[PDB]
């Protein structure tokens, strides 16, 4: 199902009465909106959704996402991790579609933003057919990104490779195209269209969250692999190395990477001798809270959660 369809089996339906307190009224959801679902849980990032007068989805978010500087980076990232399982459901629904309809191509792109940390010189939405090489199940991207910075990313996925091969069957130069069955109607997917799709599937989170989350996860994995250091001087040197590694991956400078991409909580922990491993669930309940996340993703979520009071 789609995100809203998945949440429709959970959310309260607006009838002016609600059916399966003052928080809902504060959202000020326009009364003329149709099939309005509102959250029974106060914590949900998506607090309300409904259809406007043109049959378009409209959203009201938790005030924490609209208030100026309401969330620390670690808070935003833990909430983002909570949104990943739902994202996986939504993109799969679109990927099961036949051929190359717009939503399927955008789902493919979204998956690439997630797994490879691309930005939306080139970014994901401006890739050309020359920028991708498919060898069996391996898809390798090589392009010059923002400020001419290197981006080299390889992923192995049968359905990704198969879909990439379908795209490469179309006339170039552009990579991400949607086409009808006959072949006569073909156009590019542009950044505006993709960003709109992201609003649906991950809103209030944005494409940037894939890179802050992904950068933080890559950093945490890097540190876990290197292992802790006894010397403070040495441990801090490892942090500098880690920033360089992640910066190279993300196509950023080290300064911007440490400043904005790697959540510094992971560095605080490392300097105190703690890594991803140390944050694995210790009960069934804890593992259940991490449903839909990978081992590494779940461990990162718990590490970030350790910042809570």
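Numbering follows the first chain given and starts at 1.
Trainee: If you count the residues of the deposited sequence that sit between residue 10 and residue 11 but have no coordinates, do you get none, 1 to 3, 4 to 9, or 10 or more?
Mentor: Gap between residue 10 and residue 11: none.
Trainee: Quick check on the record: how many residues from the deposited sequence are absent from the model between residue 20 and residue 21 (none, 1 to 3, 4 to 9, 10 or more)?
Mentor: 10 or more residues lack coordinates between residue 20 and residue 21.
Trainee: Out of 104-112 and 151-159, which stretch has the higher average CA B-factor listed in the record?
Mentor: Higher mean C-alpha B-factor in the PDB entry: 151-159.
Trainee: Averaging the C-alpha B factors as listed in the entry, name the stretch that ends up higher: 226-234 or 199-207.
Mentor: Mean B over CA atoms: larger for 226-234.
Trainee: Which third of the chain does residue 134 land in by C-alpha B-factor: lowest, middle or highest?
Mentor: Bottom third by C-alpha B-factor.
Trainee: Going by the entry, which third of its chain does the Cα temperature factor of residue 246 land in?
Mentor: It falls in the middle third of the chain.
Trainee: Taking the C-alpha B-factors as the PDB entry records them, is residue 52 in the lowest, middle or highest third of its chain?
Mentor: Bottom third by C-alpha B-factor.
Trainee: Place residue 92 in the lowest, middle or highest third of its chain's C-alpha B-factors, as listed in the PDB entry.
Mentor: Highest third - that is where residue 92 ends up once the chain's C-alpha B-factors are sorted.
Trainee: Lowest, middle or highest third: which one holds residue 76 when the chain's residues are ordered by CA B-factor from the entry?
Mentor: For residue 76, the deposited C-alpha B-factor lands in the lowest third.
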